[PDB]
>>> print(open('run_26.cif').read())   # mmCIF, N, CA and C atoms and all ligand atoms
data_protein
#
loop_
_atom_site.label_atom_id
_atom_site.label_comp_id
_atom_site.auth_asym_id
_atom_site.auth_seq_id
_atom_site.Cartn_x
_atom_site.Cartn_y
_atom_site.Cartn_z
N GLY A 1 0.83 -1.23 0.00
CA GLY A 1 0.00 0.00 0.00
C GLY A 1 0.85 1.27 0.00
N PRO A 2 0.25 2.45 0.25
CA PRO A 2 0.94 3.74 0.25
C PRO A 2 2.06 3.87 1.30
N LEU A 3 3.04 4.73 1.00
CA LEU A 3 4.19 5.06 1.86
C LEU A 3 4.48 6.57 1.82
N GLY A 4 5.09 7.10 2.89
CA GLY A 4 5.52 8.50 3.02
C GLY A 4 6.82 8.81 2.28
N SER A 5 7.61 9.76 2.78
CA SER A 5 8.81 10.29 2.11
C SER A 5 10.09 9.44 2.27
N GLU A 6 10.03 8.32 2.99
CA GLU A 6 11.19 7.49 3.37
C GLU A 6 11.44 6.29 2.43
N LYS A 7 11.23 6.48 1.12
CA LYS A 7 11.18 5.40 0.12
C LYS A 7 12.55 4.89 -0.32
N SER A 8 13.62 5.48 0.20
CA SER A 8 14.96 5.00 -0.07
C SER A 8 15.26 3.76 0.78
N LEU A 9 15.66 2.65 0.14
CA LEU A 9 15.84 1.35 0.80
C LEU A 9 17.17 1.25 1.58
N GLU A 10 18.11 2.16 1.32
CA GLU A 10 19.30 2.39 2.14
C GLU A 10 18.91 2.99 3.51
N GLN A 11 19.84 2.96 4.47
CA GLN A 11 19.62 3.51 5.81
C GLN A 11 20.37 4.82 6.08
N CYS A 12 19.74 5.64 6.92
CA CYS A 12 20.36 6.75 7.62
C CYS A 12 21.49 6.31 8.57
N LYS A 13 22.45 7.20 8.83
CA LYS A 13 23.61 6.92 9.68
C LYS A 13 23.31 6.99 11.18
N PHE A 14 22.40 7.87 11.60
CA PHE A 14 22.27 8.24 13.02
C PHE A 14 21.25 7.39 13.80
N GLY A 15 20.55 6.45 13.16
CA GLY A 15 19.62 5.52 13.81
C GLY A 15 18.56 6.20 14.67
N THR A 16 18.56 5.90 15.97
CA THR A 16 17.66 6.49 16.98
C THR A 16 17.83 8.00 17.14
N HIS A 17 19.00 8.54 16.79
CA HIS A 17 19.38 9.95 16.97
C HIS A 17 19.07 10.85 15.75
N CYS A 18 18.59 10.30 14.62
CA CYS A 18 18.23 11.12 13.46
C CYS A 18 17.05 12.06 13.81
N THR A 19 17.20 13.36 13.54
CA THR A 19 16.34 14.43 14.07
C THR A 19 15.16 14.83 13.17
N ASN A 20 15.11 14.33 11.93
CA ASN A 20 14.09 14.68 10.93
C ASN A 20 13.05 13.54 10.76
N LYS A 21 11.76 13.89 10.85
CA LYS A 21 10.61 12.96 10.83
C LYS A 21 10.12 12.57 9.42
N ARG A 22 10.61 13.24 8.37
CA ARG A 22 10.31 12.97 6.94
C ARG A 22 11.51 12.40 6.17
N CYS A 23 12.61 12.14 6.87
CA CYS A 23 13.93 11.85 6.32
C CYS A 23 13.95 10.60 5.40
N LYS A 24 14.71 10.70 4.30
CA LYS A 24 14.49 9.94 3.06
C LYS A 24 14.80 8.43 3.14
N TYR A 25 15.56 8.01 4.15
CA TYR A 25 16.16 6.69 4.28
C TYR A 25 15.47 5.86 5.36
N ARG A 26 15.79 4.57 5.45
CA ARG A 26 15.34 3.74 6.58
C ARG A 26 16.13 4.08 7.86
N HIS A 27 15.45 4.03 9.01
CA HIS A 27 15.99 4.41 10.32
C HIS A 27 15.83 3.26 11.34
N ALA A 28 16.91 2.90 12.05
CA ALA A 28 16.85 1.99 13.20
C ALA A 28 16.33 2.74 14.44
N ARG A 29 15.02 2.67 14.70
CA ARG A 29 14.35 3.30 15.87
C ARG A 29 14.06 2.30 17.00
N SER A 30 14.09 1.00 16.69
CA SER A 30 13.87 -0.14 17.59
C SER A 30 15.17 -0.89 17.90
N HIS A 31 15.18 -1.68 18.97
CA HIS A 31 16.31 -2.52 19.42
C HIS A 31 16.43 -3.86 18.67
N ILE A 32 15.49 -4.17 17.77
CA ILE A 32 15.48 -5.43 17.01
C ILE A 32 16.37 -5.25 15.78
N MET A 33 17.34 -6.14 15.53
CA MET A 33 18.06 -6.18 14.25
C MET A 33 17.37 -7.15 13.29
N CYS A 34 17.27 -6.75 12.02
CA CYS A 34 16.36 -7.37 11.06
C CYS A 34 16.82 -8.76 10.59
N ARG A 35 15.85 -9.66 10.34
CA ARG A 35 16.11 -11.03 9.85
C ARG A 35 16.67 -11.09 8.44
N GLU A 36 16.30 -10.12 7.60
CA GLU A 36 16.78 -10.05 6.22
C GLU A 36 18.02 -9.13 6.09
N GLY A 37 18.36 -8.41 7.16
CA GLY A 37 19.51 -7.50 7.24
C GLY A 37 19.46 -6.40 6.19
N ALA A 38 20.55 -6.23 5.45
CA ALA A 38 20.65 -5.26 4.36
C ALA A 38 19.98 -5.71 3.04
N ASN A 39 19.51 -6.97 2.95
CA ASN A 39 18.74 -7.48 1.81
C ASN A 39 17.22 -7.26 1.98
N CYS A 40 16.79 -6.85 3.18
CA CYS A 40 15.42 -6.50 3.53
C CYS A 40 14.81 -5.47 2.57
N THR A 41 13.60 -5.74 2.07
CA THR A 41 12.84 -4.84 1.18
C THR A 41 11.82 -3.95 1.91
N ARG A 42 11.74 -4.02 3.25
CA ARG A 42 10.72 -3.32 4.05
C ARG A 42 11.09 -1.87 4.33
N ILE A 43 10.40 -0.91 3.72
CA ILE A 43 10.50 0.53 4.08
C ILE A 43 9.93 0.80 5.48
N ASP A 44 8.96 -0.01 5.91
CA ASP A 44 8.25 0.09 7.19
C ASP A 44 9.07 -0.41 8.40
N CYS A 45 10.30 -0.94 8.22
CA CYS A 45 11.07 -1.49 9.31
C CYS A 45 11.67 -0.37 10.19
N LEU A 46 11.43 -0.52 11.49
CA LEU A 46 12.05 0.26 12.56
C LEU A 46 13.33 -0.40 13.08
N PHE A 47 13.72 -1.54 12.49
CA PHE A 47 14.76 -2.43 12.98
C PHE A 47 16.14 -1.94 12.54
N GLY A 48 17.18 -2.46 13.18
CA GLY A 48 18.56 -2.34 12.71
C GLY A 48 18.74 -3.01 11.35
N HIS A 49 19.11 -2.22 10.34
CA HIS A 49 19.62 -2.68 9.05
C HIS A 49 21.03 -2.05 8.81
N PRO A 50 22.04 -2.78 8.31
CA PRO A 50 23.41 -2.27 8.17
C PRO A 50 23.65 -1.13 7.17
N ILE A 51 24.81 -0.47 7.32
CA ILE A 51 25.38 0.58 6.46
C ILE A 51 26.86 0.26 6.21
N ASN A 52 27.40 0.58 5.03
CA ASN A 52 28.82 0.42 4.70
C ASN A 52 29.68 1.51 5.37
N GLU A 53 29.98 1.32 6.66
CA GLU A 53 30.74 2.24 7.52
C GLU A 53 31.49 1.44 8.60
N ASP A 54 32.60 1.96 9.11
CA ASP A 54 33.34 1.36 10.23
C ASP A 54 32.86 1.94 11.58
N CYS A 55 32.39 1.06 12.48
CA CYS A 55 31.94 1.44 13.81
C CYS A 55 33.03 2.13 14.66
N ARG A 56 32.60 3.10 15.48
CA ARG A 56 33.44 3.89 16.40
C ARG A 56 34.03 3.07 17.55
N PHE A 57 33.52 1.86 17.80
CA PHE A 57 33.90 1.00 18.93
C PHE A 57 34.44 -0.38 18.53
N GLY A 58 34.06 -0.92 17.36
CA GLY A 58 34.58 -2.19 16.83
C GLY A 58 34.30 -3.38 17.76
N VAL A 59 35.36 -3.93 18.35
CA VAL A 59 35.31 -5.05 19.33
C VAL A 59 34.78 -4.64 20.71
N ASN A 60 34.81 -3.34 21.02
CA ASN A 60 34.34 -2.77 22.29
C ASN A 60 32.82 -2.54 22.29
N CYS A 61 32.21 -2.47 21.10
CA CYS A 61 30.78 -2.28 20.87
C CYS A 61 29.98 -3.50 21.36
N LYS A 62 28.87 -3.25 22.08
CA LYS A 62 27.94 -4.28 22.58
C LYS A 62 26.48 -4.01 22.18
N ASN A 63 26.25 -3.06 21.26
CA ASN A 63 24.94 -2.75 20.69
C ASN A 63 24.56 -3.79 19.62
N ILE A 64 23.51 -4.57 19.89
CA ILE A 64 23.07 -5.71 19.06
C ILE A 64 22.56 -5.29 17.67
N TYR A 65 22.04 -4.07 17.56
CA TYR A 65 21.29 -3.52 16.42
C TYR A 65 21.98 -2.29 15.80
N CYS A 66 23.31 -2.22 15.91
CA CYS A 66 24.13 -1.08 15.59
C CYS A 66 24.23 -0.85 14.07
N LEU A 67 24.41 0.42 13.69
CA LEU A 67 24.24 0.91 12.32
C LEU A 67 25.44 0.60 11.42
N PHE A 68 26.62 0.47 12.02
CA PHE A 68 27.91 0.36 11.31
C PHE A 68 28.50 -1.06 11.41
N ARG A 69 29.46 -1.38 10.54
CA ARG A 69 30.12 -2.70 10.47
C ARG A 69 31.15 -2.86 11.60
N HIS A 70 31.38 -4.10 12.01
CA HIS A 70 32.29 -4.48 13.10
C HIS A 70 33.35 -5.49 12.59
N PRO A 71 34.58 -5.50 13.16
CA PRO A 71 35.66 -6.37 12.71
C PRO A 71 35.42 -7.87 13.03
N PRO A 72 36.11 -8.80 12.34
CA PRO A 72 36.05 -10.23 12.65
C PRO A 72 36.58 -10.53 14.06
N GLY A 73 36.00 -11.54 14.71
CA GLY A 73 36.34 -11.94 16.09
C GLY A 73 35.75 -11.05 17.19
N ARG A 74 34.79 -10.17 16.87
CA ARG A 74 34.03 -9.36 17.83
C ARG A 74 32.91 -10.20 18.45
N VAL A 75 32.66 -10.00 19.74
CA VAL A 75 31.62 -10.69 20.51
C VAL A 75 30.49 -9.74 20.91
N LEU A 76 29.27 -10.27 20.93
CA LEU A 76 28.04 -9.60 21.38
C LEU A 76 27.27 -10.51 22.36
N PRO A 77 26.60 -9.96 23.40
CA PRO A 77 25.86 -10.76 24.38
C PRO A 77 24.55 -11.33 23.80
N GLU A 78 24.09 -12.44 24.38
CA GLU A 78 22.84 -13.13 24.03
C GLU A 78 22.07 -13.62 25.27
N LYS A 79 20.75 -13.75 25.15
CA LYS A 79 19.86 -14.45 26.09
C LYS A 79 18.95 -15.40 25.30
N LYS A 80 19.27 -16.70 25.34
CA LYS A 80 18.79 -17.73 24.40
C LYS A 80 18.67 -19.11 25.06
ZN ZN B 101 17.55 10.33 8.80
ZN ZN B 102 13.85 -5.04 7.79
ZN ZN B 103 28.83 -0.80 16.69
#
>>> encode(input="run_26.cif", output="structure tokens")
Amino acid sequence: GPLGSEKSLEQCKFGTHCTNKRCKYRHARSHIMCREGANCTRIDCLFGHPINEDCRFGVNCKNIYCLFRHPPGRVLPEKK
């Protein structure tokens, strides 16, 4: 069905911190990281979807739904 001004399937950089409500890209507003990741076709997703960028924390980062890429051998917590 119909959609607003956010029809770009790429993501914004600032996630939860993006300040514009009409902004053109997908935004991670929720703590859920997406099942389809960057191959996801959903404009309606509030979930974490990746961006081609290097994270500010790398191996020190513990954000499950983070916007930027992380190095090999990095660990993240789970409850499973
Ligand atoms: Zn934005
Ligand atoms: Zn998605
Ligand atoms: Zn990160």
>>> closest_residue(input="run_26.cif", among="A:46, A:22, A:51, A:33", to="residue A:10", atoms="only C-alpha atoms")
A:51
>>> closest_residue(input="run_26.cif", among="A:32, A:76, A:12, A:18", to="residue A:59", atoms="only N, CA and C atoms")
A:76
>>> residues_around(input="run_26.cif", residues="residue A:45", least_positions_apart="4", cutoff="8 Å", atoms="all atoms listed in the file", output="ChimeraX atom specification")
/A:26-30,41,49
>>> closest_atom_pairs(input="run_26.cif", of="chain A", to="ligand ZN 102 (chain B)", cutoff="7 Å", atoms="only C-alpha atoms and all ligand atoms", output="Markdown table")
| residue | atom | partner | partner_atom | distance |
| --- | --- | --- | --- | --- |
| A:34 | CA | B:ZN102 | ZN | 4.7 |
| A:35 | CA | B:ZN102 | ZN | 6.7 |
| A:36 | CA | B:ZN102 | ZN | 6.0 |
| A:37 | CA | B:ZN102 | ZN | 6.2 |
| A:40 | CA | B:ZN102 | ZN | 4.8 |
| A:41 | CA | B:ZN102 | ZN | 6.7 |
| A:42 | CA | B:ZN102 | ZN | 5.2 |
| A:45 | CA | B:ZN102 | ZN | 4.8 |
| A:47 | CA | B:ZN102 | ZN | 5.9 |
| A:49 | CA | B:ZN102 | ZN | 6.4 |
>>> closest_residue(input="run_26.cif", among="A:1, A:50, A:31, A:77", to="residue A:62", atoms="all atoms listed in the file")
A:77
>>> residues_near_ligand(input="run_26.cif", ligand="ligand ZN 103 (chain B)", cutoff="8 Å", atoms="only N, CA and C atoms and all ligand atoms", output="CSV table (one decimal) with N, CA and C atoms, in the frame of the given file")
chain,number,residue,atom,x,y,z
A,54,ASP,N,32.6,2.0,9.1
A,54,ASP,CA,33.3,1.4,10.2
A,54,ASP,C,32.9,1.9,11.6
A,55,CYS,N,32.4,1.1,12.5
A,55,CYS,CA,31.9,1.4,13.8
A,55,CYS,C,33.0,2.1,14.7
A,56,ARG,N,32.6,3.1,15.5
A,56,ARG,CA,33.4,3.9,16.4
A,56,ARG,C,34.0,3.1,17.6
A,57,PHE,N,33.5,1.9,17.8
A,57,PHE,CA,33.9,1.0,18.9
A,57,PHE,C,34.4,-0.4,18.5
A,58,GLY,N,34.1,-0.9,17.4
A,58,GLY,CA,34.6,-2.2,16.8
A,58,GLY,C,34.3,-3.4,17.8
A,59,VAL,N,35.4,-3.9,18.4
A,59,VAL,CA,35.3,-5.0,19.3
A,59,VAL,C,34.8,-4.6,20.7
A,60,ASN,N,34.8,-3.3,21.0
A,60,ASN,CA,34.3,-2.8,22.3
A,60,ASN,C,32.8,-2.5,22.3
A,61,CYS,N,32.2,-2.5,21.1
A,61,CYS,CA,30.8,-2.3,20.9
A,61,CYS,C,30.0,-3.5,21.4
A,62,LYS,N,28.9,-3.2,22.1
A,62,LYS,CA,27.9,-4.3,22.6
A,62,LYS,C,26.5,-4.0,22.2
A,63,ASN,N,26.2,-3.1,21.3
A,63,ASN,CA,24.9,-2.8,20.7
A,63,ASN,C,24.6,-3.8,19.6
A,64,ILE,N,23.5,-4.6,19.9
A,64,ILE,CA,23.1,-5.7,19.1
A,64,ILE,C,22.6,-5.3,17.7
A,65,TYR,N,22.0,-4.1,17.6
A,65,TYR,CA,21.3,-3.5,16.4
A,65,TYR,C,22.0,-2.3,15.8
A,66,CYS,N,23.3,-2.2,15.9
A,66,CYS,CA,24.1,-1.1,15.6
A,66,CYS,C,24.2,-0.8,14.1
A,67,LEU,N,24.4,0.4,13.7
A,67,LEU,CA,24.2,0.9,12.3
A,67,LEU,C,25.4,0.6,11.4
A,68,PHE,N,26.6,0.5,12.0
A,68,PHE,CA,27.9,0.4,11.3
A,68,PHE,C,28.5,-1.1,11.4
A,69,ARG,N,29.5,-1.4,10.5
A,69,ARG,CA,30.1,-2.7,10.5
A,69,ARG,C,31.2,-2.9,11.6
A,70,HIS,N,31.4,-4.1,12.0
A,70,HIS,CA,32.3,-4.5,13.1
A,70,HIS,C,33.4,-5.5,12.6
>>> atom_distance(input="run_26.cif", atom1="atom C of residue A:2", atom2="atom C of residue A:43")
9.4 Å
>>> residues_near_ligand(input="run_26.cif", ligand="ligand ZN 101 (chain B)", cutoff="6 Å", atoms="all atoms listed in the file", output="PyMOL selection string")
chain A and resi 12-13+18-20+23-25
>>> atom_distance(input="run_26.cif", atom1="atom N of residue A:16", atom2="atom C of residue A:38")
17.4 Å
>>> atom_distance(input="run_26.cif", atom1="atom CA of residue A:8", atom2="atom N of residue A:72")
28.1 Å
